Amino acid sequence: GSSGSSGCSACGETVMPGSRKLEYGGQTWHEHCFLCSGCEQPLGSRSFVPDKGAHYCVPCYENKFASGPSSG
Ligand SMILES: [Zn+2]
Ligand SMILES: [Zn+2]
């Protein structure tokens, strides 16, 4: 309404609309800041699955949501 704050949640900088950026659940991350909480890969280009405050790629998601005694 009054103003808008779409700054990066990773570094804190100010994400401008005139550049490749990301926005999920309301937050905003830089195309270089938005990474995966599993392999630390830049999902700013590759697909992924937004989980509990955690961004996991196709695999990082299907793997964590997979049934198995796997310790890690
Ligand atoms: Zn950033
Ligand atoms: Zn990943």
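Across segment 18-31, computed HN-Hα scalar couplings (Karplus, 6.51 cos²θ - 1.76 cosθ + 1.60, θ = phi - 60°) run x, 6, 4, 9, 9, 8, 9, x, x, 5, 9, 10, 6, 3 Hz from first to last residue, x flagging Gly and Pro.
Along segment 60-66 the Karplus relation, 6.51 cos²θ - 1.76 cosθ + 1.60 evaluated at θ = phi - 60°, assigns HN-Hα couplings of 3, 8, 5, 7, 5, 8, 9 Hz to successive residues, with x for each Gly and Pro. Magnitude of the charge dipole for the chain, about its Cα centre and with charges confined to Cβ atoms of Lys, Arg (+1) and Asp, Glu (-1), is about 60 debye.
Residues whose amide H falls under 5 Å from that of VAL49, counting only those 5 or more places apart or on a different chain, are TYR56, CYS57, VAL58, with hydrogens built in the peptide plane.
Converting the Cα gyration tensor eigenvalues of the chain into ellipsoid dimensions via √(5λ) gives semi-axes, longest first, of 28, 12, 9 Å.
Derived scalar couplings between HN and Hα for segment 3-16 equal 9, x, 10, 10, x, 5, 8, 7, 9, x, 3, 9, 6, 8 Hz in order, rounded to whole Hz, by the Karplus curve 6.51 cos²θ - 1.76 cosθ + 1.60 (θ = phi - 60°), x for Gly and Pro.
Based on DSSP H runs of at least 4 residues, each adding -39500 (n - 2.57), what is the mean residue ellipticity at 222 nm of the chain after dividing by all its residues, to the nearest 500 deg cm²/dmol?
-2500 deg cm²/dmol
Just so you know, all these numbers are worked out from the coordinates, no wet-lab data involved. Backbone-built Cβ (ideal geometry, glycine too); neighbour counts: all protein chains shown.
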